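Here the protein sequences line up with chains M and N, keeping their order. According to the deposited numbering, the stretch in the first sequence is residues 2 to 82, 82A to 82C, 83 to 100, 100A to 100E, 101 to 128, 134 to 214, in order. According to the deposited numbering, the stretch in the second sequence is residues 2 to 9, 11 to 95, 95A, 96 to 106, 106A, 107 to 209, in order. Where a beta carbon is used, it is the ideal one built from N, C-alpha and C, also for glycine. Structure first, commentary second.
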Amino acid sequence: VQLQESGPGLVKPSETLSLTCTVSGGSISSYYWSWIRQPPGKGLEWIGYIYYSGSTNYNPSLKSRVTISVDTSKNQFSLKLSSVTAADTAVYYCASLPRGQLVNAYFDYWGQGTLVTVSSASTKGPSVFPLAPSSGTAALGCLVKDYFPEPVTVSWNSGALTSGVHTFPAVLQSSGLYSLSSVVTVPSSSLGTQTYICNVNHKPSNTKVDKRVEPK
Amino acid sequence: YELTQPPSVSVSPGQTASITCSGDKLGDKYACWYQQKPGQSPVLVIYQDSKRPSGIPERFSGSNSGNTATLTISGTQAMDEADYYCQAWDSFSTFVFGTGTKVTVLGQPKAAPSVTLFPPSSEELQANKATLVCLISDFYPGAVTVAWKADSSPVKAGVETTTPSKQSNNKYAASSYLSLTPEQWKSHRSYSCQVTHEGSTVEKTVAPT
């Protein structure tokens, strides 16, 4: 079964975090639907689960706080909280738990995770510049610099380049913002006769860039 | 209330690794096991103490007794360099996970780092900014130290460096960023990035043209 989570990348403090997970097949009413979070530092914690009947069960320390809803007509379900504070920054996963229930509970099939950062600071679109190659294998890249918040996805030629590509983790520079760079190793000979494009996707600011790299 | 497991476990290729999740009590509680590779979401490796999901190989078994659940990895291989979490309820009775366990298969081949130094592109120059990019990859293990220099003189500040991270080829990867101002770039004979790896060190050099 496929699960996909969507929602905001940035939520300022004391507002209301709103997340939505979307499920494919299964089918519905074969699974309880839970949410789990994992702070970026380290640690895994469970918050709550819901069933299509509407019946719920939350983490006690987070009751009167978390609220899980469900729509069985569009195959999706959602989360709200609350008053979010500054220490709720984490990667959020939707997940499945077998029917019955299965008192020996375990989470089979997870989402891919959506990182929600909470800060009084504002969001910022990226400034992306070309790491042009030149000068038997050359290396060229895209520098996604000064953006907020994490994460940003970098592909090449609309995901055509999976070979020789590496995308690096971001770095928190003195500004308090993030920056990272992706690189690709390709044959030298090819250069000049070929076009290279880094496709940068930054969702919390809804911007989407596609920089073009050509040798010096 | 939480399940305690070690934060570190050490293993050589082909030997057997045992991880211990522990509460009071257990066994009478069902302990499952999750594996999480860096950058990816977890994946079920054990459910119901001893069982294993579909798509998990023979060499994956977990037990449970008294006040300790365990996981055993017969013939540990490089494919298994992830984090490992436990899970129960405990005891009120919402769900709870372990604290996290870091497996490491060492005795792996060494590799001198391949370094690549990119100078500031045109755009950033024509935007009152400059940033040098030192890229380190294909190197094991991941204990590097980066130092920058201008001409022969060592750059002091304006330097920010990432923290060693895993890759795909079961290696490591790092980067270094030199934050500059366009005159400091155009008013020098050369800039250089030196990566030190155990004893082996590798430099790279660029110059304004």
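{"Query": "CB contact check: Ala112(N) to chain M, cutoff 8 Å", "Result": "no"}
{"Query": "8 Å contact criterion, which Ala100C(M) and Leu95(M) should meet: CB distance rounded", "Result": "6 Å"}
{"Query": "Interface residues of the segment 163–175 of chain M facing chain N [CB-CB below 9 Å]", "Result": "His164, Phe166, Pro167, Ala168, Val169, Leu170, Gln171 and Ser172"}
{"Query": "Chain N contact for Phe122(M) (CB, 8 Å cutoff)", "Result": "yes"}
{"Query": "Per-residue DSSP class, three states only, for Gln3(M)", "Result": "strand"}
{"Query": "Residue-chain proximity (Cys34(N), chain M), Cβ-Cβ < 8 Å", "Result": "yes"}
{"Query": "Minimum Cβ-Cβ distance from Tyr140(N) to chain M less than 8 Å", "Result": "no"}
{"Query": "Buried or exposed (CB count within 10 angstroms, at least 16 for buried), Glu124(N)", "Result": "buried"}
{"Query": "Chain-ordered chain M contacts of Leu135(N) [CB-CB under 7 Å]", "Result": "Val181"}
{"Query": "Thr131(N) classed as buried or exposed, judged by whether at least 16 other C-beta atoms fall within 10 angstroms", "Result": "buried"}
{"Query": "Contact with chain N by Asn100B(M), beta-carbon distance below 8 Å", "Result": "yes"}
{"Query": "Delimiting residues of the alpha helix (DSSP H) encompassing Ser122(N)", "Result": "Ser122 to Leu125"}
{"Query": "For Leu138(M) and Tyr194(M), believed in contact at Cβ under 8 Å, the rounded distance", "Result": "6 Å"}
{"Query": "Same chain, Cβ closer than 6 Å to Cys134(N), five either side skipped, listed in chain order", "Result": "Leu117, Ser176 and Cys193"}
{"Query": "Beta-carbon proximity check, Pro119(M) vs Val142(M), cutoff 8 Å", "Result": "yes"}
{"Query": "Identity of the residues DSSP links to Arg210(M) by a beta bridge", "Result": "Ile195(M)"}
{"Query": "Expected contact under 8 Å - CB spacing of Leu20(M) and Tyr90(M) to nearest Å", "Result": "6 Å"}
{"Query": "Residue-level contact to chain N via CB, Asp101(M), 8 Å cutoff", "Result": "yes"}
{"Query": "Anticipated Cβ contact below 8 Å, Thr87(M) with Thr110(M), distance rounded", "Result": "5 Å"}
{"Query": "Residue closest to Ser76(N), alpha-carbon to alpha-carbon, out of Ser190(N), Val13(N) and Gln17(N)", "Result": "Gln17(N)"}
{"Query": "Residues of the segment 42–54 of chain N whose Cβ lies closer than 7 Å to any Cβ of chain M, in chain order", "Result": "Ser43, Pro44, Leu46, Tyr49 and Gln50"}
{"Query": "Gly174(M) versus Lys201(M): straight-line alpha-carbon distance, rounded", "Result": "19 Å"}
{"Query": "Own chain residues within Cβ distance below 7 Å of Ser156(M), not counting five before or after", "Result": "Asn197"}
{"Query": "Element boundaries [beta strand (DSSP E), containing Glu183(N)]", "Result": "Segment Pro182 to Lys186 is the alpha helix (DSSP H) holding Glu183(N); no beta strand (DSSP E) there."}
{"Query": "C-beta atoms of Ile136(N) and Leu73(N) nearer than 8 Å", "Result": "no"}
{"Query": "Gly199(N) versus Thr78(N) - alpha carbon distance", "Result": "29 Å"}
{"Query": "Boundaries (first-last residue) of the beta strand (DSSP E) holding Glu46(M)", "Result": "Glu46 to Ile51"}
{"Query": "Cβ shell of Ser14(N) (< 6 Å), same chain only, five flanking positions each side left out", "Result": "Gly107"}
{"Query": "For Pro44(N), the nearest candidate out of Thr165(M), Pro213(M), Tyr102(M) and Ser172(M) (CA to CA)", "Result": "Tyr102(M)"}
{"Query": "Coarse secondary structure for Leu63(M), derived from DSSP in three states", "Result": "helix"}
{"Query": "Exposure label - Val115(N); buried when at least 16 CB within 10 Å", "Result": "buried"}
{"Query": "Integer-rounded CB distance, given that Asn170(N) should sit under 8 Å from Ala80(N)", "Result": "5 Å"}
{"Query": "Assigned exposure category for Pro154(N) - 16 Cβ within 10 Å defines buried", "Result": "exposed"}
{"Query": "DSSP state of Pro202(M) mapped onto helix, strand, coil", "Result": "helix"}
{"Query": "Rounded C-alpha distance that separates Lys27(N) from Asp144(M)", "Result": "49 Å"}
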